[PDB]
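Consider the single chain below, provided in structure tokens and representing the form deposited in one PDB entry.
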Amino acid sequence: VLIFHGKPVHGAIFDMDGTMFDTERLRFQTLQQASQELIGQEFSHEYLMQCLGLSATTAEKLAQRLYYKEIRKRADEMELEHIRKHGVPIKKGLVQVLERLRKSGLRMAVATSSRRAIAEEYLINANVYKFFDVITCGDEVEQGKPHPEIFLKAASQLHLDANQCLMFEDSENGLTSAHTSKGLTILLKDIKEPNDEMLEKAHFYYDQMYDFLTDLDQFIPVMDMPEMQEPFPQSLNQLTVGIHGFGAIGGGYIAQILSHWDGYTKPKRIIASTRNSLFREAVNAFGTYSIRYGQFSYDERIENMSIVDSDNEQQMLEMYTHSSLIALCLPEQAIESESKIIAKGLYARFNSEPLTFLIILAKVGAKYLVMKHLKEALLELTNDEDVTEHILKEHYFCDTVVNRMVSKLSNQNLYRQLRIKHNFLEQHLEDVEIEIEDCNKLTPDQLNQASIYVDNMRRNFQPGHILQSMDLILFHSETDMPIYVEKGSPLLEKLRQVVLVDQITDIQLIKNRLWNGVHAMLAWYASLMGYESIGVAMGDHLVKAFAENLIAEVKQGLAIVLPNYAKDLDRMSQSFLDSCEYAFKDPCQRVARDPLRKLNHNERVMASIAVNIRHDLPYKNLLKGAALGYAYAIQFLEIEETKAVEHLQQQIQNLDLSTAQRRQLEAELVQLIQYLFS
């Protein structure tokens, strides 16, 4: 039992033509073309408008009143031929509605004036026949629309009263049929502006299918955080989504968040951008890729992926125009150069529902950096101050905090994979090296045709049978589900794996200092000791002790800067050590990336050191980590010892300290850097 605007609902009976699918517009075209090549004169627009939601038998009776079997047969042949080429034109929101009504526990059916042969054909093609317990067609009914028998029979077969059932319809005739049955009427405009008579009959009215979905969803229970190995939804909506940067986060975390979606439907398409062509071609070659969760040896297949080139404009604009939600999964260095491709996308969207823009970036005030470079990019292209500030305040730009640690596979390891799995494909194509016999309730022509279908289906699918076991592994991800996003976008309210928060800035700072800062400094210490794995490195008593000692010095500083969050630091720090403890497939190199950027004055290392000096706290271990960062940059990255000091001096000069504290810090740090080398 579902409560929809106070009234209790047990079932939901749907109309097919004009309500579920846009087949009424096609029937309008076919009947016109059919008449032109038979009788010569096209049918009156008044006749066709009166024949909407009317049985083929009842449509012929109207033709006698004005002035059909020969006409309608060829018109039906033209229609199903158009459907076999272009597919059934599914109204936007149908699949999203049907699943919500099914999982609410409603007993659903279809009441259409079309034949059982034509009705099923479209219900099968669209893949929505599985949502209905019964269907009532314009064949087994005695008195067709606008008589309520078809809507009474549909309700009776569901073992419910019509007054307990919702009834969807587009036509004027069909609405009367739904109303006289005495069920909760819903009217969806298709090819007739509702009359005063029609609007009075209908209990609820909506301009399109997606308008009803929005109204329904406020009564539908919003599903909660998915579990690790929990499946994604089966049914697909007509919405697209984007991943600007098919990297560790985009491919190995966001892909799961988007694939789960609301738990009712998934995006039909996920467009992801990368310049890594091997990654691009490999995913598109397989059709899917898998995220490996090493802790539980679980491979998570991500399907309905379309990997595109980042430099290729038409494909990037394709994403920014069609996508309902796009995730920006780029590091700081990429923001400026990529802001130009973002600017083109959003301006193309204006030229073409508000976009939900997720900024996934490990920086304090990540949105500001993106929005700064976006404004500069848009203004330089558009050359209009008004159109830019409209775009900037139309779309939902959301800050995020991601706790999950994800790793991108190397091109050598992906080549090693492709090489090994190609040998299996070659051998499979040798092992493979038909006649549908017996008159099994079929005609000889059907059996002959069936044989040809199965022959070329086997020929096409047989090579791809190996994909049942064979997966394309591209990411090593930990089992951390919940992403923390800013409040604003109504779409994010219903996303399962999203947890909305208020003051993100406070969390971003703690994430930067306590999480990202210690992660980088132990990764430098681990790298210099000869560890290539974070997980293995944490098996060393010295490496873990250093991380514990750093955590202690950072929390002591954050406890003064954020006394309101002091209570939660011990939990956050312990959660970090756990994630590091068994990060075996997570390479130190990935975390130790760009030491100088991370050794900036307003970043995860020097910011903590500054706080501790001001408040007379110990920064002994924090000072060592800073030196190990410059030691890593000179040794592993080969950046020069002269440039290291010119960065050290510059960034220490930018710190909010007295000249006394600066002199001491620089002298203490430069001595400790020379000590490690000599």
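The numbering used is simple: start at 1 and walk along the sequence shown. Think of the rigid core as the biggest set of C-alphas that the two forms share within 1.5 Å after superposition.
Beyond the structure shown, there is the form deposited in another entry, which is absent from this document and is the topic of what follows.
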Requested in this report: Compare C-alpha positions between the shown form and the other one after fitting on the rigid core and state which of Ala547, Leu188, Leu166, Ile271 moves by at least 2 angstroms.
Outcome: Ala547
Query raised in the report: For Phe576, is the CA shift between the shown form and the other one at least 2 Å following rigid-core superposition?
Result: yes
Query raised in the report: Hey, does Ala592 budge by 2 Å or more at the Cα between the shown form and the other one once the core is superposed?
Result: yes
Report task. Establish whether a shift of 2 Å or more occurs at the C-alpha of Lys73 between the shown form and the other one, with the two forms superposed on the rigid core. Result -> yes
**Report entry** Distance trend in the other form - C-alpha atoms of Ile560 and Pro482, change of 3 Å or more
**Finding:** closer
